[PDB]
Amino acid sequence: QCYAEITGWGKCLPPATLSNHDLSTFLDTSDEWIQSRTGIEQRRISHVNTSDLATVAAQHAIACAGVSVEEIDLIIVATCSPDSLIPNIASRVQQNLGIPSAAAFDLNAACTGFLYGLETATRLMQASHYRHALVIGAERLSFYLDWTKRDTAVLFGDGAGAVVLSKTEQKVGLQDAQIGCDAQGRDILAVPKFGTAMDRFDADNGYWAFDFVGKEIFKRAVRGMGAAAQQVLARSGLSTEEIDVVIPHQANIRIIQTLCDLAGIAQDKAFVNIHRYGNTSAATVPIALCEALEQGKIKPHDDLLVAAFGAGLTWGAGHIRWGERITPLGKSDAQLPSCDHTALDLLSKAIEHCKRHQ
């Protein structure tokens, strides 16, 4: 029996920052409304491609683990906003980092993608030969947004987080996990007309609908994550009291609080950074984990609960038993190209196109 220890962690948040007030300047919204409704105060807008964010997050996680690029056997990029479909962007990260030979694939399960990736990488390592893995959640959701639609325009942001996993006989890393999908709810959270369902040659094909039935999403999210968490707890033989830290998906602070409140888990155990970054889909969990660790919120041998949900409606929970080390073995000086533009400058063109089309 073996396990996939999380030996490295890393993050990449692009610099350009879009505040709630910024949004209020071109949208019929308010900082009060956004902040009280969602807990979000800021989010980041990338001046680079998704794969670029993924790459920097990877470099930091690799440095953190002290592993050689030559030792990585598997690369998973959880994203729903890839630079390209042919080829995948896992291979771009691989090319960028000089990793030879490794299996490289993109995994799309929306905001639950990092948890799906962690589960997949862990089980691949447990049942076969993979010695080390890189699992990255990375998104440029700003690509998708309709800047005239306040319901969705204020929720999402860009970023990446990564882990490195290493095979071990110690009982650490992801233990039990339950991942799933409530497909009867597929239509409540969707951009159905970006992908091969779109009309390639229609000049209005950029003006797609972003379906977001907020209340039903909230209900189904709390239900799905909560039930998944119950299953993992029950199978683990841990009480709710023995969970040391919750690292939740960051969609809405009220969902986080409800999940905790209903699971009987103390609210202060939940790591929250949604106020800084908004909902970065697949990146939420690995960014939160990285920052939890950076901030000393996780101690060695802690039991962590992870939970997430997203379009699908995909959902998941997992139990991670931490090992001995919560500090990086080294640091990377990797960075994004400098950006000379505010978020508002970066979005300028898109905001004008969306507004012009109404």
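Just count from 1 along the sequence shown to find any residue number.
The PDB entry reports B-factors from which the mean C-alpha value can be compared for 344-352 and 11-19; the larger average falls on 344-352. Here 120-128 and 91-99 are compared by their mean Cα B-factor, and 91-99 comes out higher. Reading the B-factor column for the CA atoms of 64, 293, 27, 313 in the entry, the top value corresponds to 27. The residue among 34, 307, 57, 329 whose C-alpha carries the highest B-factor in the deposited model is 34. Sorting the modelled residues of the chain by their CA temperature factor places residue 268 in the highest third. Ranked by Cα temperature factor within the chain, residue 186 sits in the middle third according to the deposited record. In this PDB entry, the Cα temperature factor of residue 40 sits in the top third of its chain's modelled residues, the highest group. Among the modelled residues of the chain, residue 147 sits in the highest third by CA temperature factor in this PDB entry. Residue 258: CA B factor in the highest third of modelled residues in this chain (values from the PDB entry).
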